[PDB]
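The file target.cif comes next; it holds mmCIF, C-alpha atoms.
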data_target
#
loop_
_atom_site.group_PDB
_atom_site.id
_atom_site.type_symbol
_atom_site.label_atom_id
_atom_site.label_comp_id
_atom_site.auth_asym_id
_atom_site.auth_seq_id
_atom_site.Cartn_x
_atom_site.Cartn_y
_atom_site.Cartn_z
ATOM 1 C CA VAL A 3 -25.217 -4.627 5.197
ATOM 2 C CA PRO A 4 -22.491 -3.623 7.678
ATOM 3 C CA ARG A 5 -21.717 -0.014 8.481
ATOM 4 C CA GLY A 6 -18.548 0.996 6.691
ATOM 5 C CA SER A 7 -19.345 -1.416 3.891
ATOM 6 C CA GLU A 8 -16.827 -0.972 1.075
ATOM 7 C CA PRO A 9 -17.410 -1.175 -2.685
ATOM 8 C CA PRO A 10 -16.361 -4.395 -4.434
ATOM 9 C CA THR A 11 -12.707 -4.680 -5.404
ATOM 10 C CA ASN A 12 -11.456 -5.532 -8.903
ATOM 11 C CA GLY A 13 -7.794 -6.480 -9.365
ATOM 12 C CA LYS A 14 -5.437 -8.595 -7.275
ATOM 13 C CA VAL A 15 -1.679 -8.373 -6.554
ATOM 14 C CA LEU A 16 0.404 -10.871 -4.549
ATOM 15 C CA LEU A 17 3.510 -9.590 -2.750
ATOM 16 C CA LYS A 18 5.968 -12.302 -1.731
ATOM 17 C CA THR A 19 7.642 -10.746 1.242
ATOM 18 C CA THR A 20 10.196 -11.800 3.893
ATOM 19 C CA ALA A 21 7.187 -11.785 6.318
ATOM 20 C CA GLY A 22 5.135 -14.137 4.075
ATOM 21 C CA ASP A 23 2.664 -13.660 1.227
ATOM 22 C CA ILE A 24 0.441 -10.586 1.211
ATOM 23 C CA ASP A 25 -2.592 -10.623 -1.069
ATOM 24 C CA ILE A 26 -3.977 -7.191 -1.991
ATOM 25 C CA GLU A 27 -7.422 -6.653 -3.529
ATOM 26 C CA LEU A 28 -7.602 -3.414 -5.526
ATOM 27 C CA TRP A 29 -10.186 -0.616 -5.708
ATOM 28 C CA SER A 30 -9.431 -0.022 -9.405
ATOM 29 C CA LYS A 31 -12.829 1.625 -10.063
ATOM 30 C CA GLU A 32 -12.453 4.209 -7.278
ATOM 31 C CA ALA A 33 -8.660 4.785 -7.594
ATOM 32 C CA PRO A 34 -7.804 3.891 -11.214
ATOM 33 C CA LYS A 35 -4.649 6.072 -11.401
ATOM 34 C CA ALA A 36 -3.207 4.591 -8.208
ATOM 35 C CA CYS A 37 -4.192 1.021 -9.222
ATOM 36 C CA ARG A 38 -2.733 1.306 -12.744
ATOM 37 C CA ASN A 39 0.483 2.781 -11.264
ATOM 38 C CA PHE A 40 0.749 -0.050 -8.702
ATOM 39 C CA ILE A 41 0.022 -2.802 -11.221
ATOM 40 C CA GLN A 42 2.501 -1.477 -13.844
ATOM 41 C CA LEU A 43 5.302 -0.975 -11.340
ATOM 42 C CA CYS A 44 4.575 -4.484 -10.017
ATOM 43 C CA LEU A 45 4.794 -5.893 -13.552
ATOM 44 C CA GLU A 46 7.973 -3.966 -14.346
ATOM 45 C CA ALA A 47 9.710 -5.541 -11.312
ATOM 46 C CA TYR A 48 10.074 -2.056 -9.814
ATOM 47 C CA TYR A 49 9.045 -3.239 -6.356
ATOM 48 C CA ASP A 50 11.136 -6.444 -6.433
ATOM 49 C CA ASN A 51 13.906 -6.492 -3.786
ATOM 50 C CA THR A 52 12.594 -3.336 -2.069
ATOM 51 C CA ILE A 53 12.466 -2.859 1.676
ATOM 52 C CA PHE A 54 9.832 -1.704 4.124
ATOM 53 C CA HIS A 55 11.930 1.218 5.315
ATOM 54 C CA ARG A 56 9.490 2.851 7.794
ATOM 55 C CA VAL A 57 7.477 1.381 10.684
ATOM 56 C CA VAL A 58 5.413 3.361 13.116
ATOM 57 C CA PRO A 59 4.092 0.867 15.678
ATOM 58 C CA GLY A 60 0.316 0.525 15.591
ATOM 59 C CA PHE A 61 0.047 3.001 12.733
ATOM 60 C CA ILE A 62 1.755 2.153 9.415
ATOM 61 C CA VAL A 63 4.427 0.164 7.684
ATOM 62 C CA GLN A 64 5.675 1.863 4.471
ATOM 63 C CA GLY A 65 7.717 0.682 1.483
ATOM 64 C CA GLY A 66 7.878 0.924 -2.258
ATOM 65 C CA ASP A 67 11.048 3.090 -2.463
ATOM 66 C CA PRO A 68 13.508 1.442 -4.931
ATOM 67 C CA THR A 69 16.364 3.314 -3.133
ATOM 68 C CA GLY A 70 15.339 2.109 0.336
ATOM 69 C CA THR A 71 16.124 5.591 1.696
ATOM 70 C CA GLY A 72 12.559 6.767 2.382
ATOM 71 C CA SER A 73 12.751 9.679 -0.114
ATOM 72 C CA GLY A 74 12.905 7.920 -3.501
ATOM 73 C CA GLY A 75 10.500 6.371 -5.984
ATOM 74 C CA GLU A 76 8.460 7.733 -8.880
ATOM 75 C CA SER A 77 5.156 6.945 -10.597
ATOM 76 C CA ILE A 78 4.702 5.504 -14.126
ATOM 77 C CA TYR A 79 3.340 8.864 -15.290
ATOM 78 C CA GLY A 80 6.561 10.946 -15.430
ATOM 79 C CA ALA A 81 5.438 13.108 -12.496
ATOM 80 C CA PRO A 82 3.611 12.586 -9.183
ATOM 81 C CA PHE A 83 -0.093 11.931 -9.783
ATOM 82 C CA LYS A 84 -3.407 13.120 -8.329
ATOM 83 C CA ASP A 85 -5.123 11.932 -5.184
ATOM 84 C CA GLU A 86 -8.210 9.721 -5.476
ATOM 85 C CA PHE A 87 -10.526 9.616 -2.465
ATOM 86 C CA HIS A 88 -13.893 7.969 -1.951
ATOM 87 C CA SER A 89 -16.275 8.459 0.948
ATOM 88 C CA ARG A 90 -16.615 4.633 1.326
ATOM 89 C CA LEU A 91 -12.847 4.039 1.423
ATOM 90 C CA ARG A 92 -11.880 5.194 4.897
ATOM 91 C CA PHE A 93 -9.024 4.584 7.348
ATOM 92 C CA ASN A 94 -11.379 2.973 9.862
ATOM 93 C CA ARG A 95 -9.616 -0.396 10.270
ATOM 94 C CA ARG A 96 -6.255 -2.038 9.912
ATOM 95 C CA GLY A 97 -5.252 -3.835 6.723
ATOM 96 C CA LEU A 98 -5.705 -1.100 4.121
ATOM 97 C CA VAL A 99 -3.226 -0.157 1.407
ATOM 98 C CA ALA A 100 -2.665 3.520 0.637
ATOM 99 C CA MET A 101 -0.259 5.815 -1.201
ATOM 100 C CA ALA A 102 2.455 7.701 0.699
ATOM 101 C CA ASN A 103 2.864 11.404 -0.088
ATOM 102 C CA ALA A 104 4.348 14.662 1.142
ATOM 103 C CA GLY A 105 1.420 16.861 0.150
ATOM 104 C CA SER A 106 -1.568 17.072 -2.209
ATOM 105 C CA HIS A 107 -1.445 15.340 -5.577
ATOM 106 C CA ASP A 108 2.015 13.943 -4.768
ATOM 107 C CA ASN A 109 1.681 10.191 -5.394
ATOM 108 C CA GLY A 110 4.854 8.413 -6.552
ATOM 109 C CA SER A 111 5.644 4.726 -5.890
ATOM 110 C CA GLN A 112 5.819 4.548 -2.082
ATOM 111 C CA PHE A 113 2.797 3.005 -0.374
ATOM 112 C CA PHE A 114 1.912 1.764 3.110
ATOM 113 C CA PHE A 115 -0.245 -0.714 4.992
ATOM 114 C CA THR A 116 -2.323 0.414 7.941
ATOM 115 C CA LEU A 117 -1.566 -1.359 11.212
ATOM 116 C CA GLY A 118 -4.440 0.348 13.033
ATOM 117 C CA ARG A 119 -6.959 3.124 12.359
ATOM 118 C CA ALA A 120 -5.733 6.274 10.711
ATOM 119 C CA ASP A 121 -8.808 8.507 10.462
ATOM 120 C CA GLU A 122 -6.591 11.602 10.352
ATOM 121 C CA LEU A 123 -5.408 10.412 6.925
ATOM 122 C CA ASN A 124 -8.925 10.342 5.446
ATOM 123 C CA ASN A 125 -9.123 12.748 2.457
ATOM 124 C CA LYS A 126 -5.309 13.075 2.528
ATOM 125 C CA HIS A 127 -4.004 9.744 1.221
ATOM 126 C CA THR A 128 -5.339 7.619 -1.603
ATOM 127 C CA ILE A 129 -6.647 4.268 -0.324
ATOM 128 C CA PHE A 130 -6.295 1.864 -3.286
ATOM 129 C CA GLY A 131 -6.396 -1.718 -1.896
ATOM 130 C CA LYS A 132 -6.996 -3.924 1.093
ATOM 131 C CA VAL A 133 -5.184 -6.991 2.357
ATOM 132 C CA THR A 134 -7.142 -10.279 2.362
ATOM 133 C CA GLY A 135 -8.275 -11.515 5.778
ATOM 134 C CA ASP A 136 -6.018 -14.550 5.437
ATOM 135 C CA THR A 137 -2.858 -12.444 4.745
ATOM 136 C CA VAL A 138 -3.351 -9.718 7.390
ATOM 137 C CA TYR A 139 -1.156 -11.646 9.842
ATOM 138 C CA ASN A 140 1.790 -11.543 7.379
ATOM 139 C CA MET A 141 1.136 -7.844 6.706
ATOM 140 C CA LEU A 142 1.292 -7.178 10.458
ATOM 141 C CA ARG A 143 4.486 -9.210 10.709
ATOM 142 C CA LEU A 144 6.217 -6.606 8.448
ATOM 143 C CA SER A 145 6.013 -4.398 11.571
ATOM 144 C CA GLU A 146 7.366 -7.042 13.994
ATOM 145 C CA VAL A 147 10.808 -5.478 13.987
ATOM 146 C CA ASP A 148 13.329 -3.646 16.191
ATOM 147 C CA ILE A 149 13.249 0.016 15.115
ATOM 148 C CA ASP A 150 15.781 2.981 15.179
ATOM 149 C CA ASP A 151 14.889 6.601 16.143
ATOM 150 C CA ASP A 152 14.068 7.595 12.466
ATOM 151 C CA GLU A 153 11.396 4.901 12.307
ATOM 152 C CA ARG A 154 13.695 2.634 10.307
ATOM 153 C CA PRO A 155 13.827 -1.075 11.154
ATOM 154 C CA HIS A 156 17.279 -2.361 12.023
ATOM 155 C CA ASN A 157 16.529 -5.343 9.679
ATOM 156 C CA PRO A 158 13.766 -4.148 7.324
ATOM 157 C CA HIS A 159 11.493 -6.779 5.804
ATOM 158 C CA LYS A 160 11.520 -6.863 1.983
ATOM 159 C CA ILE A 161 9.325 -7.550 -1.007
ATOM 160 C CA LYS A 162 11.096 -10.332 -2.876
ATOM 161 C CA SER A 163 8.668 -10.207 -5.784
ATOM 162 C CA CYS A 164 5.325 -8.717 -6.796
ATOM 163 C CA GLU A 165 2.925 -10.446 -9.154
ATOM 164 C CA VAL A 166 -0.373 -9.458 -10.676
ATOM 165 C CA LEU A 167 -2.927 -12.215 -10.153
ATOM 166 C CA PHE A 168 -5.751 -10.320 -11.844
ATOM 167 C CA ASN A 169 -5.192 -7.229 -13.979
ATOM 168 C CA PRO A 170 -8.421 -5.176 -14.165
ATOM 169 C CA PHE A 171 -6.989 -2.991 -16.989
ATOM 170 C CA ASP A 172 -6.615 -5.913 -19.422
#

I'd like the structure from this file rewritten - as structure tokens, please.
Amino acid sequence: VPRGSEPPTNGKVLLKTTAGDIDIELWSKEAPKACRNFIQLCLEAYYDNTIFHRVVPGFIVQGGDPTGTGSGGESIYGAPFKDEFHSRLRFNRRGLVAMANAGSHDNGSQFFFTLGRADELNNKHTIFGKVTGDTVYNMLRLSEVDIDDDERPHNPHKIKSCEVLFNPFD
């Protein structure tokens, strides 16, 4: 049993992006609100044709804003929803999927992938999924971009489509 061993995932989403396919396994037991939100938005096409508008080298690449501006996007709930943390879901490696926010209990639609560690985000951002080992390279390629001074890529990568491969709420 490795240190930092994570609970089993349940739920799978496939993003078809301009950097390749990215396969996300979901922690639906530990972060049910975030997982339900992500699945439903995925199903409703809400993430289709959306950009990855923010890249911080070695830290995060962030997307999920239907406006592409960095400030838009809303949850399925009619208001931003609560954080969901778990002591076994930690920012101790690259390839995790977490919700963006601008404070406590402020989850909307924007989410990000971790490009490195981000321990300082532990207990601040909901971690709701992880990228499969065999799609991490494509996830990292989202960050392989020339960037402006507001962390915006000159030519952002995009999600063409999102599909739910296994829906744990069915």

Counting only C-alpha atoms, what is within 12 Å of residue A:52, bar same-chain residues fewer than 2 positions away, as a ChimeraX atom specification? /A:17-20,44,47-50,54-55,64-72,74-75,111-113,158-164

Mind checking which residues fall within 9 Å of residue A:143, counting only C-alpha atoms, ignoring those fewer than 5 positions away in the same chain, and posting them as a short mmCIF file (atom, residue, chain, number, x, y, z; two decimals) with C-alpha atoms, in the coordinates of the input?
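Output file part.cif follows:
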data_model
loop_
_atom_site.label_atom_id
_atom_site.label_comp_id
_atom_site.auth_asym_id
_atom_site.auth_seq_id
_atom_site.Cartn_x
_atom_site.Cartn_y
_atom_site.Cartn_z
CA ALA A 21 7.19 -11.78 6.32
CA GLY A 22 5.14 -14.14 4.08
CA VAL A 138 -3.35 -9.72 7.39
CA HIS A 159 11.49 -6.78 5.80
#

Suppose a student applies the PyMOL selection byres ((chain A and resi 61) around 6) to this structure; what residues should they get, written as an MDAnalysis selection string? chainID A and resid 58:60 62 116:118

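Separating atom CA of residue A:100 from atom CA of residue A:78 is a distance of 16.6 Å.
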
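In this comparison, which uses all atoms listed in the file, the residue of A:107, A:56, A:88, A:14 approaching residue A:152 most closely is A:56.
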
Identify which of the residues A:79, A:40, A:115, A:130 lies closest to residue A:165, counting all atoms listed in the file when measuring atom-to-atom distances.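 For residue A:165, the nearest of the given residues is A:40.
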
Just the number, please: distance in Å from atom CA of residue A:51 to atom CA of residue A:136, one decimal.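 So the answer is 23.4 Å.
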
Go through A:124, A:11, A:42, A:103 one by one, measure the shortest atom-to-atom distance of each to residue A:82 using only C-alpha atoms, and give the residue with the smallest value.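 Going through A:124, A:11, A:42, A:103 one by one, the smallest distance to residue A:82 is for A:103.
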
Of the candidates A:10, A:105, A:110, A:170, which shows the shortest atom-to-atom distance to residue A:39, using only C-alpha atoms? A:110

So that I can see what lies close to residue A:90, please list as a PyMOL selection string the residues with an atom at most 8 Å from it, counting only C-alpha atoms and leaving out residues fewer than 5 positions away in the same chain. chain A and resi 6-9

Residue rebuild result stretch 93-118 of chain A, N, CA and C atoms as a tab-separated table (two decimals), in the frame of the given file:
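Result saved to selection-v6.tsv:
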chain	number	residue	atom	x	y	z
A	93	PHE	N	-10.06	5.18	6.49
A	93	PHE	CA	-9.02	4.58	7.35
A	93	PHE	C	-9.67	4.19	8.69
A	94	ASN	N	-10.67	3.34	8.63
A	94	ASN	CA	-11.38	2.97	9.86
A	94	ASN	C	-11.05	1.57	10.40
A	95	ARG	N	-10.03	0.94	9.82
A	95	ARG	CA	-9.62	-0.40	10.27
A	95	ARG	C	-8.23	-0.67	9.76
A	96	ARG	N	-7.58	-1.67	10.34
A	96	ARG	CA	-6.26	-2.04	9.91
A	96	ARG	C	-6.36	-2.92	8.66
A	97	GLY	N	-5.30	-2.98	7.88
A	97	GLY	CA	-5.25	-3.84	6.72
A	97	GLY	C	-5.58	-3.18	5.41
A	98	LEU	N	-5.49	-1.85	5.37
A	98	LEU	CA	-5.70	-1.10	4.12
A	98	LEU	C	-4.37	-0.75	3.48
A	99	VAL	N	-4.42	-0.45	2.18
A	99	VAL	CA	-3.23	-0.16	1.41
A	99	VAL	C	-3.44	1.22	0.80
A	100	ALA	N	-2.48	2.11	1.04
A	100	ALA	CA	-2.66	3.52	0.64
A	100	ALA	C	-1.38	4.11	0.11
A	101	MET	N	-1.47	5.20	-0.69
A	101	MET	CA	-0.26	5.82	-1.20
A	101	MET	C	0.34	6.76	-0.18
A	102	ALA	N	1.68	6.69	-0.05
A	102	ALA	CA	2.46	7.70	0.70
A	102	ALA	C	2.48	9.01	-0.08
A	103	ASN	N	2.65	10.13	0.62
A	103	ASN	CA	2.86	11.40	-0.09
A	103	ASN	C	3.43	12.44	0.85
A	104	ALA	N	3.86	13.56	0.30
A	104	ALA	CA	4.35	14.66	1.14
A	104	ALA	C	3.57	15.92	0.85
A	105	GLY	N	2.31	15.74	0.45
A	105	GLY	CA	1.42	16.86	0.15
A	105	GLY	C	0.32	16.40	-0.79
A	106	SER	N	-0.52	17.34	-1.22
A	106	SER	CA	-1.57	17.07	-2.21
A	106	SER	C	-0.99	16.64	-3.54
A	107	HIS	N	-1.66	15.67	-4.17
A	107	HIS	CA	-1.44	15.34	-5.58
A	107	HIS	C	0.05	15.01	-5.81
A	108	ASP	N	0.56	14.17	-4.91
A	108	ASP	CA	2.02	13.94	-4.77
A	108	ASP	C	2.28	12.45	-4.62
A	109	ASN	N	1.52	11.66	-5.38
A	109	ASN	CA	1.68	10.19	-5.39
A	109	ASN	C	2.81	9.73	-6.32
A	110	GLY	N	3.70	8.88	-5.79
A	110	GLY	CA	4.85	8.41	-6.55
A	110	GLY	C	4.80	6.89	-6.62
A	111	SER	N	5.74	6.21	-5.96
A	111	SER	CA	5.64	4.73	-5.89
A	111	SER	C	5.48	4.22	-4.46
A	112	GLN	N	5.89	5.01	-3.47
A	112	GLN	CA	5.82	4.55	-2.08
A	112	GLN	C	4.37	4.39	-1.63
A	113	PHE	N	4.16	3.32	-0.87
A	113	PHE	CA	2.80	3.00	-0.37
A	113	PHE	C	2.97	2.41	1.04
A	114	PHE	N	1.86	2.30	1.76
A	114	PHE	CA	1.91	1.76	3.11
A	114	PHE	C	0.68	0.93	3.44
A	115	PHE	N	0.84	0.04	4.41
A	115	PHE	CA	-0.24	-0.71	4.99
A	115	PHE	C	-0.61	-0.12	6.33
A	116	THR	N	-1.90	-0.10	6.64
A	116	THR	CA	-2.32	0.41	7.94
A	116	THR	C	-2.30	-0.72	8.99
A	117	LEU	N	-1.66	-0.41	10.11
A	117	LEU	CA	-1.57	-1.36	11.21
A	117	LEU	C	-2.68	-1.14	12.24
A	118	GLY	N	-3.29	0.03	12.18
A	118	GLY	CA	-4.44	0.35	13.03
A	118	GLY	C	-5.43	1.22	12.29
